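Chains as they are written, first to last, in PDB author numbering: chain D, 36 to 223; chain A, 39 to 222.
Backbone N, C-alpha and C define an ideal beta-carbon position, used for all residues, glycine too.
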Amino acid sequence: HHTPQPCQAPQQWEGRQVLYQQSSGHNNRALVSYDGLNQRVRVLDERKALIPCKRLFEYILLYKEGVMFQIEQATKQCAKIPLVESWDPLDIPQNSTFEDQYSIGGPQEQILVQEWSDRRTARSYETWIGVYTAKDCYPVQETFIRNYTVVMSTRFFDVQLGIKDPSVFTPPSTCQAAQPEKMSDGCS
Amino acid sequence: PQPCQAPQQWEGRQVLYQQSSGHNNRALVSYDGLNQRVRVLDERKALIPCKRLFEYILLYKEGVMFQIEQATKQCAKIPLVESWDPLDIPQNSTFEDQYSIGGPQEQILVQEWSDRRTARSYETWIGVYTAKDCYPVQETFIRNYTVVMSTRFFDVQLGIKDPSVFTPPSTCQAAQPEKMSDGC
Ligand SMILES: *[C@@H]1O[C@H](CO)[C@@H](O)[C@H](O)[C@H]1NC(C)=O
Ligand SMILES: *[C@@H]1O[C@H](CO)[C@@H](O)[C@H](O)[C@H]1NC(C)=O
Ligand SMILES: *[C@H]1O[C@H](CO)[C@@H](O)[C@H](O)[C@H]1NC(C)=O
Numbered sequence: 036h037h038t039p040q041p042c043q044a045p046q047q048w049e050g051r052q053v054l055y056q057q058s059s060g061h062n063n064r065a066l067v068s069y070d071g072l073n074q075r076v077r078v079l080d081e082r083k084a085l086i087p088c089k090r091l092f093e094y095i096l097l098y099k100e101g102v103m104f105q106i107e108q109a110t111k112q113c114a115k116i117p118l119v120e121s122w123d124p125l126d127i128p129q130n131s132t133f134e135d136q137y138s139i140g141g142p143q144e145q146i147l148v149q150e151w152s153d154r155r156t157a158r159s160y161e162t163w164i165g166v167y168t169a170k171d172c173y174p175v176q177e178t179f180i181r182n183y184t185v186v187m188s189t190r191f192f193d194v195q196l197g198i199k200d201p202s203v204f205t206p207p208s209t210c211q212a213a214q215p216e217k218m219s220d221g222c223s
Numbered sequence: 039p040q041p042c043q044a045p046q047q048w049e050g051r052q053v054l055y056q057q058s059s060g061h062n063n064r065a066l067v068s069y070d071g072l073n074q075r076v077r078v079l080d081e082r083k084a085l086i087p088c089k090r091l092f093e094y095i096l097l098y099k100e101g102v103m104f105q106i107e108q109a110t111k112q113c114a115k116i117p118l119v120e121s122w123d124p125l126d127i128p129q130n131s132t133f134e135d136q137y138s139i140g141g142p143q144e145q146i147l148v149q150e151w152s153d154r155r156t157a158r159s160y161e162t163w164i165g166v167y168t169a170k171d172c173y174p175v176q177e178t179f180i181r182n183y184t185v186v187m188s189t190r191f192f193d194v195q196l197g198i199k200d201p202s203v204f205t206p207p208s209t210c211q212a213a214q215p216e217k218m219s220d221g222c
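Take a look at the structure:
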């Protein structure tokens, strides 16, 4: 009945994430470091299971200087990928549409979250949906829609405030050399 | 870390996502695992293209599902081939992970359980439930490493407020045996 205003989402944190992509129907787990103050992000592929072997990479997205580095985890072999997209923080735009509010879990173990979108009233057209906790405004889930169809969804877990170690945003020595082509998911 | 016991009767709300369509479908849901029956009521955040809204009453002990159009109460009777699978963690699940959603003043712990057999390369089901009380959060079905569908649960209230919700309306005598189409 009453419509909240967007809380401010914390702009430096580390935790874990599961990124789902429509086009493959796959989930990818990863450690994540998010520094919205310096507009940089680091993502380290994680495995729960060894079941199909995949190569594992670490990504360092430095938006100020328009590059993302992909880095093979064991070998430290690199790839300099032009990152040309504009910075877009993980937060709730002041003009977001309040969609809904609900609880996850159940009585005695629960948390209220709020769902926010960019859908204009009386339009049915969404490109972005973001779910954040109601008190601390921690990020819970983020979804990108194209033609009424989900393109990717990310869930966030184990969010801790601050950056334990800013050097994670420093690419290894091998990345000046860095090639230009993006390496492949599989050992196969 | 040990499989908890999901409650066998509750009501709340869900979002079902399907890979084939890339769509989300929102519903109110009453889950009655004692009587092996579910009631799903399509709900709407917005008016998009025009989709008809249905209510489904799934009665597994009887082998049938009733599809009921919400305004007109027009009704189909469709047999239920799928046998009953409760929304719980089998006592033989593989523990996958544990993590928190939220932060200091507002945090819950959830556990992720699965189907996977380590060293035999298969997994068809992943379930997320809260650690202490075993409330259901998310359920995902998998085929060859690829998500088929996933449902998220919210606003879970214990119990069934009114068991009549599983009693279909009179019209469901008129056993139109074809499922009603999604379009207007
Ligand atoms: C402002 O908010 C609206 C959501 O109603 C969104 O559509 C629009 O893109 C936002 N403006 C920008 C992107 O600066
Ligand atoms: C967008 O959605 C509509 C309706 O579902 C579909 O007919 C259309 O083909 C889609 N767009 C594209 C580019 O295919
Ligand atoms: C473990 O036990 C069940 C039977 O209760 C068996 O059918 C199941 O497939 C096993 N776990 C899985 C799903 O791999």
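Can you give the Cα-Cα distance for residue i and residue j, rounded to whole angstroms?
{"i": "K111 of chain A", "j": "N62 of chain A", "result": "24 angstroms"}
{"i": "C113 of chain A", "j": "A212 of chain A", "result": "7 angstroms"}
{"i": "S121 of chain D", "j": "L66 of chain A", "result": "39 angstroms"}
{"i": "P215 of chain A", "j": "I116 of chain A", "result": "6 angstroms"}
{"i": "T184 of chain D", "j": "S131 of chain D", "result": "20 angstroms"}
{"i": "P39 of chain A", "j": "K89 of chain D", "result": "27 angstroms"}
{"i": "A169 of chain D", "j": "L147 of chain A", "result": "16 angstroms"}
{"i": "residue 224 of chain D", "j": "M187 of chain D", "result": "There is no way to answer for residue 224 of chain D, as the model of chain D reaches only from 36 to 223."}
{"i": "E100 of chain A", "j": "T189 of chain A", "result": "25 angstroms"}
{"i": "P206 of chain A", "j": "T178 of chain D", "result": "36 angstroms"}
{"i": "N182 of chain A", "j": "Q149 of chain D", "result": "33 angstroms"}
{"i": "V76 of chain A", "j": "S208 of chain D", "result": "58 angstroms"}
{"i": "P128 of chain D", "j": "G165 of chain A", "result": "32 angstroms"}
{"i": "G221 of chain D", "j": "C222 of chain A", "result": "45 angstroms"}
{"i": "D123 of chain A", "j": "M103 of chain D", "result": "45 angstroms"}
{"i": "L118 of chain D", "j": "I95 of chain D", "result": "10 angstroms"}
{"i": "residue 226 of chain D", "j": "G71 of chain A", "result": "Because chain D here runs from 36 to 223, residue 226 of chain D falls outside it and cannot be looked at."}
{"i": "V78 of chain D", "j": "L79 of chain A", "result": "39 angstroms"}
Helix, strand or coil for residue i? Go by DSSP, reduced to three states.
{"i": "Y98 of chain A", "result": "helix"}
{"i": "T178 of chain D", "result": "strand"}
{"i": "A212 of chain D", "result": "helix"}
{"i": "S188 of chain A", "result": "strand"}
{"i": "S202 of chain A", "result": "helix"}
{"i": "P117 of chain D", "result": "strand"}
{"i": "residue 29 of chain D", "result": "Any question about residue 29 of chain D goes unanswered here, given that chain D covers just 36 to 223."}
{"i": "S159 of chain A", "result": "strand"}
{"i": "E81 of chain D", "result": "coil"}
{"i": "residue 272 of chain D", "result": "Residue 272 of chain D lies beyond the stretch modelled for chain D, which goes from 36 to 223, so this question has no answer here."}
{"i": "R154 of chain D", "result": "coil"}
{"i": "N62 of chain A", "result": "strand"}
{"i": "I127 of chain D", "result": "coil"}
{"i": "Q143 of chain A", "result": "coil"}
{"i": "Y183 of chain D", "result": "coil"}
{"i": "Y173 of chain D", "result": "coil"}
{"i": "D70 of chain D", "result": "strand"}
For ligand 2, I want to know if residue i counts as a neighbour, meaning its beta carbon is within less than 7 angstroms of at least one of the ligand's heavy atoms.
{"i": "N63 of chain A", "result": "no"}
{"i": "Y183 of chain D", "result": "yes"}
Any heavy atom of ligand 1 inside 7 angstroms of the beta-carbon of residue i?
{"i": "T132 of chain D", "result": "yes"}
So, do the stretch 50-68 of chain A and the stretch 101-121 of chain D have three or more beta carbon pairs nearer to each other than 8 angstroms? no
Specify whether the stretch 133-150 of chain A and the stretch 166-173 of chain D touch according to this definition: at least 3 beta carbon pairs, one from each stretch, less than 8 angstroms apart. yes
Mind listing which residues have their beta carbon within less than 6 angstroms of any non-hydrogen atom of ligand 3? Chain order is fine. Answer in sequence order: A:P128, A:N130, A:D153 and A:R155.
Any contact of the stretch 195-205 of chain A with the stretch 39-49 of chain A, i.e. 3+ C-beta pairs under 8 angstroms? yes
Three or more C-beta pairs closer than 8 angstroms, one from the stretch 152-159 of chain D and one from the stretch 69-88 of chain A: is that the case here? yes
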